[PDB]
Structure formats: structure tokens, C-alpha cells
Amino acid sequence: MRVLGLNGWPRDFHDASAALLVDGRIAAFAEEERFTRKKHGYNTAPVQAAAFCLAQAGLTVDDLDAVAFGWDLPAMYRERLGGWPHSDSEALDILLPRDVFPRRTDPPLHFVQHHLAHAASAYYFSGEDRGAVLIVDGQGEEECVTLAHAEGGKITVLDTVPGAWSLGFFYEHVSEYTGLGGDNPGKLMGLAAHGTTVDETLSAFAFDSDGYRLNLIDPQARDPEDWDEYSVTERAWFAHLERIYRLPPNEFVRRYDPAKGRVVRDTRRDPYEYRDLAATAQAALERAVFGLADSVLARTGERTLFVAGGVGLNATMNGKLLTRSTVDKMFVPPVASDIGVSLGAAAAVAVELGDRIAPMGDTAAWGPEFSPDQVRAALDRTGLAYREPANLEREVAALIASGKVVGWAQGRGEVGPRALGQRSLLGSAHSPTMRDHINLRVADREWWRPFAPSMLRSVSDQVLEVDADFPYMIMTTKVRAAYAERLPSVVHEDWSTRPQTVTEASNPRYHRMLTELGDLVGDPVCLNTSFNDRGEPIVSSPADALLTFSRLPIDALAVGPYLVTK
């Protein structure tokens, strides 16, 4: 079957994306923000993402067997807004506007329960017959957690936790409270390592062997003036945090900066001041999730764990789950957050139509790519001088080895929040100054945020405690003896790293470049951070890449077969 999965809707929505499954294979998959250049794909149907999916596969909406949406949207409208007003035809017009998506007739429209869609995005793509499913995000239609059993192509729900007890809202609210912002929970995670935990309950959580309790909030509390429990949980957490924590909420400051010529936003306090709150929030999330995972694993009798939902992006928590006595194998897709429910809704529907879903296979490179002619066109636009190296991979290897920062734009854009050698900024993993150089001089990131490494899968065994595939940079692990000293720029406060393992199959060019690199610095490892300026999404087009390259004190840009220098 050909099934187009969708996320994103014009009203109060985030992380719009589109995914096209052809006979269980990912034909194309991209996030709206990459095309709009507006981070998080807020309040929109995934118009551009779906246009790309169809163009990539050479299809039109008339060639689709089904369109799948990753939430039970009619149900949310019925419950929270007094009725679902749209015929399937009218819903399609909104999701896939006719001026961009001409169609003779309407494809069958399927609405998939949000957490099922999450679950589908992990199970069906993991390459594992069966396992325990843990879904933890902000909130689906009603629930914030789902425990389920996956076996023989079926996902069966054992239990859910109501939205008011959301661990994602919780973590988001703490992230907002510190000044990092509720849209930047990943930063809270990186700040945790720098602080100290004293009471991992925050006088709110009570932990047990199957999970947690939030005696702070009535679990059946509900916003009658909205369609999720964000605002209710926000008021409760903010009041509680202010009550028990020495610092009041950090405030946002909007002021004209005559240096930028603009009103810029900042924080009244340095978020680094809240490092103990971050540590404590991180510890509480871990503890709560450990209980949930132990619980679903035991109730199912499985020892393989599938995790998805937005909290699933907590790589630190993931790494620690992996090493838990109760877990032998773990799969967490690069698209754990809502970006992944388009793909999940599509799989659920495809499987329902009799298809078998192929494993992801250690790659996330499903977005657009660009030919040499298309790249050259973008280069000539700018009038920049460039070369076409005989051995680009070797030249990049050498640049990196000498302490230079190289933009790397090749092949099909990766999907999800991590760059994985399709749209990356590259630098020495071996340099004890590279990290401060990129944070402070290049990207204006907070000095306390860590960077992460890409390395060959064939030496990952010797570099890292664990010998597993880490294709997605969605898990932290410990660095073996005594590489922990050899790789200063990609190590975090606690000797953990958040690695990408690379196989020749998954990324030949990148694999080859790392190989060359190894001959020069001994180790086929590099620093790999995402290719973007501070506000914007990861660069997608060759034009995006040039623009960002012009704006950053980077040394070179390797885009397609071409090398551009500063």
C-alpha cells in the first residue's frame, strides 16, 4: 500500500510532519519546520512536508491508498470543543489544501489514537518481533503515559496515566521556570549534569516500583477552557516550585538592543543559577520512568523495551534505562516526539491494510536531497568561489584534524532533532578547546551545553562501555578506558557521551570521511553538532546551508561534491 501519514493542524498544534510509506518502506519523511524555517512547525498542516513526500515518490494524492492522521482529532473536538464540524472531505481540505494537493477524489482518511501512533513509530520500525511499550509525552487526547504490549504485529494497551500527572508537562514547566523555556527541555537536560540533587521528590512526587504518584495534582484535574492539561499543570507546578525552591521563576526580558537594531528577548537571571533544580527535575523524571519501565517489562514478560513520546528524547534517561538489569534490548526511534506520529499513524494504517513494515536500519536520512546541479545553482546565486575536490572526504578529514569547523551538507536531510552526518557541523573530538570555540565564538551557545560524537560502528566497541548500535544520538553511554581523556570535546560533565555509530551502509561518504580522519588523529571519531544558527531549524536546502555558513565563523562548507572556504 501507499499510505501518507500526517501531523500538524492549524489550531494549537506543534511539530507538524509528513511521512510516506510505500509497501512498508519509508519513501520520504520530513518536518514542516525545515521548509518554513520556523522552529517546531507550530499551528499548521504539514503542507510543505507532504508536498515533498509526494514529489519525492513521484505521486499525487490520487495514488494514495490512505491518509493517516496521528491523533484522534474528531474525538478531541467532540470532548473539548463541543463537536467535530468536518466531513472527511473538509478535514482533507485543511490537511492537504487543494491548491497544493490537487485530487480527483478523497483518499480514505484515518485518525489514529495519538499514543498508538507513538507506539507504532517504535515497534514497527525497531526490527524486533515483540517487546514492552512505554509511551511518555506531554499528553495525547487524555493520557500522558501508555504502557502496552507489542507482539506479533499487535499493540495492546495495559494502562494509562491521566494528563494532569504528565511527566512531560512537568519537565517543560521546570524548563520554562528556569528561563530556558518550555520549548527547550533538551537544555534543561544538559544543565542537569552541572547541578546537585538533594531531594528527588521535589516534595511533589512519591515514587514506587511501578512508577510514581503526583500528590501535588488531582490526577483527574482538567482544563474546561482548553483541550489539554498544560495550563492547569503549569499553574500548579509554578506555584509549587516557587513555594519550595529558593529562586522565584526566571522572567523573560524584552528590550531594544542598539547593537542588533532590534527588540531582543533575554532572561532576568542566568539559567545556570538553577542547575540544582535541573539536576533534581532530571532525577525525578528518571526515577519515575525507571518505575514505569520496570513495570511494563514485568507485566509483559519481555526484556526488550520500546520507548516513544516526547520524554523519549531524554537521552540521559534512555542511556540509564538501557543499563537497567530489567532491559536487554532497547529501541527508541529518532522521531520519539510528535514529529514521529505522522510516521506512526501511517504504519498503523499500513499494517492494518496488510503491509509489513521494514526496520529503519540505522539511518534517519529521509528528507530532501539535492543533486550537484542543484547545489551549483545555489552556489552561483551567491557568486562565491568554490572547488570540486577529487577526494572531498579526505580533504574534510584533514580540515577537521587541524582544528577547523566544517559544515557538512550531503544526501538526504535527517528527520528528528539530531544531525547525523547529512546536515552537520563537524569538528575535532580530540581538541580540548573545540567545545568552547563552538559554544562561544561560533554558535553563541551557553558554555555549559555539551557536544556529542560521531564514530565508526567498527570501533564503537572499544570506545564505549556498551557494544550496541547507537544510530540516532538518542542515548547516552559511558566512554571506555581511557578514551574519556582522548576525546575532551564530546564528553559531558559526568563522563557520558551521546554518540552516533556509523556503518558504511548507512552513510558511505560520512563513513569514508571518518575512516580518513582516523588515519590522522588515530581515532575515527569527530564532534558532530547540528548545522544551524541559534534560532533556526537545522538547515535543509543548499541555500539554507550557504546562508548559515555566511553568518558563522566556520572554516569550510562541504555541500554536495563542492567545498566552500572562508
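Residue numbers here begin at 1 and follow the sequence given.
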*Looking only at CA atoms, which has the higher mean B factor in the entry: 509-517 or 51-59?*
509-517
_Which is higher on mean Cα B factor in this entry, 383-391 or 184-192?_
383-391
*Among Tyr483, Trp366, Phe169, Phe290, which residue carries the highest C-alpha B-factor recorded in the PDB entry?*
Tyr483
*Which is it among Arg303, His240, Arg412, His173: the one with the largest CA B-factor in the entry?*
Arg303
*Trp71's Cα B-factor: lowest, middle or highest third of the chain?*
lowest
*asked:* Test of reading the entry: by CA B factor among the chain's modelled residues, which third contains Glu504?
replied: highest
*If you rank every modelled residue in this chain by C-alpha B factor, which third holds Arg498: lowest, middle or highest?*
highest
*Ranked by Cα temperature factor within the chain, is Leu216 in the lowest third, the middle third or the highest third?*
highest
*In terms of the CA temperature factor given in the entry, to which third of its chain does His14 belong: lowest, middle or highest?*
lowest
